[PDB]
file coords_33.txt (compact mmCIF, N, CA, C and O atoms)
# COMPACT_ATOMS: atom_id res chain seq x y z
N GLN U 1 0.84 -1.23 0.00
CA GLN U 1 0.00 0.00 0.00
C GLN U 1 0.86 1.26 0.00
O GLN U 1 1.07 1.88 1.04
N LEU U 2 1.35 1.63 -1.18
CA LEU U 2 2.19 2.82 -1.31
C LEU U 2 1.42 3.95 -1.98
O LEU U 2 1.60 4.22 -3.17
N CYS U 3 0.57 4.62 -1.21
CA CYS U 3 -0.23 5.73 -1.73
C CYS U 3 0.67 6.86 -2.20
O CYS U 3 0.95 7.81 -1.46
N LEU U 4 1.13 6.76 -3.44
CA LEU U 4 2.00 7.77 -4.02
C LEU U 4 1.19 8.86 -4.72
O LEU U 4 0.66 8.63 -5.81
N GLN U 5 1.09 10.03 -4.09
CA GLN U 5 0.34 11.15 -4.66
C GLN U 5 0.46 11.19 -6.18
O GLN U 5 1.53 11.49 -6.72
N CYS U 6 -0.64 10.89 -6.87
CA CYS U 6 -0.65 10.88 -8.32
C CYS U 6 -1.28 12.16 -8.86
O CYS U 6 -1.74 13.00 -8.09
N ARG U 7 -1.29 12.31 -10.17
CA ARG U 7 -1.86 13.50 -10.79
C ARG U 7 -2.81 13.13 -11.92
O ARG U 7 -4.03 13.30 -11.81
N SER U 8 -2.25 12.65 -13.03
CA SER U 8 -3.05 12.27 -14.19
C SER U 8 -3.39 10.79 -14.17
O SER U 8 -4.47 10.40 -13.71
N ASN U 9 -2.48 9.96 -14.67
CA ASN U 9 -2.70 8.51 -14.71
C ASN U 9 -1.48 7.76 -14.20
O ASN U 9 -1.60 6.80 -13.43
N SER U 10 -0.30 8.18 -14.64
CA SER U 10 0.94 7.55 -14.23
C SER U 10 2.00 8.59 -13.91
O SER U 10 3.15 8.48 -14.33
N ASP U 11 1.61 9.61 -13.15
CA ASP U 11 2.52 10.68 -12.77
C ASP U 11 3.42 10.24 -11.61
O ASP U 11 3.47 10.89 -10.57
N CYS U 12 4.12 9.13 -11.81
CA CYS U 12 5.01 8.60 -10.78
C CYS U 12 6.23 7.93 -11.41
O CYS U 12 7.30 8.53 -11.50
N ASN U 13 6.07 6.68 -11.84
CA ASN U 13 7.17 5.94 -12.45
C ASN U 13 6.64 4.75 -13.25
O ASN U 13 5.43 4.60 -13.43
N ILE U 14 7.56 3.92 -13.74
CA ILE U 14 7.19 2.75 -14.53
C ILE U 14 6.47 1.70 -13.68
O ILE U 14 5.78 0.83 -14.20
N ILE U 15 6.65 1.79 -12.36
CA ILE U 15 6.01 0.85 -11.44
C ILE U 15 4.55 1.21 -11.23
O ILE U 15 3.65 0.43 -11.54
N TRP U 16 4.33 2.39 -10.68
CA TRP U 16 2.99 2.87 -10.39
C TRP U 16 2.47 3.78 -11.49
O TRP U 16 2.88 4.93 -11.61
N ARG U 17 1.55 3.24 -12.29
CA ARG U 17 0.97 3.99 -13.39
C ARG U 17 -0.56 4.04 -13.28
O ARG U 17 -1.24 4.44 -14.23
N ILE U 18 -1.09 3.65 -12.13
CA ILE U 18 -2.53 3.67 -11.91
C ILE U 18 -2.89 4.73 -10.89
O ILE U 18 -3.03 4.44 -9.70
N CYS U 19 -3.04 5.96 -11.36
CA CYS U 19 -3.38 7.07 -10.48
C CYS U 19 -4.75 6.86 -9.85
O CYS U 19 -5.75 7.43 -10.28
N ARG U 20 -4.79 6.04 -8.80
CA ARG U 20 -6.03 5.75 -8.10
C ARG U 20 -6.34 6.90 -7.14
O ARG U 20 -5.90 8.02 -7.37
N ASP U 21 -7.10 6.61 -6.08
CA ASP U 21 -7.48 7.63 -5.09
C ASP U 21 -6.36 8.62 -4.81
O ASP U 21 -5.74 8.60 -3.75
N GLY U 22 -6.10 9.50 -5.78
CA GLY U 22 -5.06 10.50 -5.63
C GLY U 22 -3.69 9.89 -5.37
O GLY U 22 -2.80 10.56 -4.87
N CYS U 23 -3.53 8.61 -5.72
CA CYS U 23 -2.25 7.93 -5.51
C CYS U 23 -1.88 7.06 -6.71
O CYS U 23 -2.73 6.72 -7.53
N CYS U 24 -0.61 6.70 -6.79
CA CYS U 24 -0.12 5.86 -7.88
C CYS U 24 -0.15 4.39 -7.48
O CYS U 24 0.38 4.01 -6.43
N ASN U 25 -0.78 3.57 -8.31
CA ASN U 25 -0.88 2.14 -8.02
C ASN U 25 -0.19 1.31 -9.10
O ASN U 25 -0.10 1.72 -10.25
N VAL U 26 0.30 0.14 -8.69
CA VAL U 26 0.99 -0.76 -9.61
C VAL U 26 0.02 -1.74 -10.27
O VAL U 26 0.42 -2.54 -11.12
N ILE U 27 -1.25 -1.68 -9.88
CA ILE U 27 -2.26 -2.57 -10.44
C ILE U 27 -2.81 -2.04 -11.76
O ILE U 27 -4.05 -1.88 -11.86
call {"tool": "encode", "arguments": {"input": "coords_33.txt", "output": "structure tokens"}}
result
Amino acid sequence: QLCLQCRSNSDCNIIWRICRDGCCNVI
């Protein structure tokens, strides 16, 4: 559970590209 503050869809890295509840998900 790494709620990485996201923005658009994959505003994080190659790992987390699922900008879920304001966070980046790897799913």
call {"tool": "select_by_dssp", "arguments": {"input": "coords_33.txt", "residues": "chain U", "states": "strand (DSSP E)", "output": "MDAnalysis selection string"}}
result
chainID U and resid 4:5 18:20 23:25
call {"tool": "atom_distance", "arguments": {"input": "coords_33.txt", "atom1": "CA of residue 18 in chain U", "atom2": "CA of residue 2 in chain U"}}
result
11.6 Å
call {"tool": "axis_aligned_box", "arguments": {"input": "coords_33.txt", "around": "range 5-20 of chain U", "padding_each_side": "5 Å", "output": "AutoDock Vina command-line options"}}
result
--center_x 0.6 --center_y 7.0 --center_z -9.4 --size_x 23.9 --size_y 23.1 --size_z 20.6
call {"tool": "atom_distance", "arguments": {"input": "coords_33.txt", "atom1": "atom N of residue 9 in chain U", "atom2": "atom O of residue 26 in chain U"}}
result
13.3 Å
call {"tool": "residues_around", "arguments": {"input": "coords_33.txt", "residues": "residue 8 in chain U", "least_positions_apart": "5", "cutoff": "8 Å", "atoms": "all atoms listed in the file", "output": "number ranges by chain"}}
result
U: 17-20, 23
call {"tool": "atom_distance", "arguments": {"input": "coords_33.txt", "atom1": "atom O of residue 22 in chain U", "atom2": "atom O of residue 5 in chain U"}}
result
4.8 Å
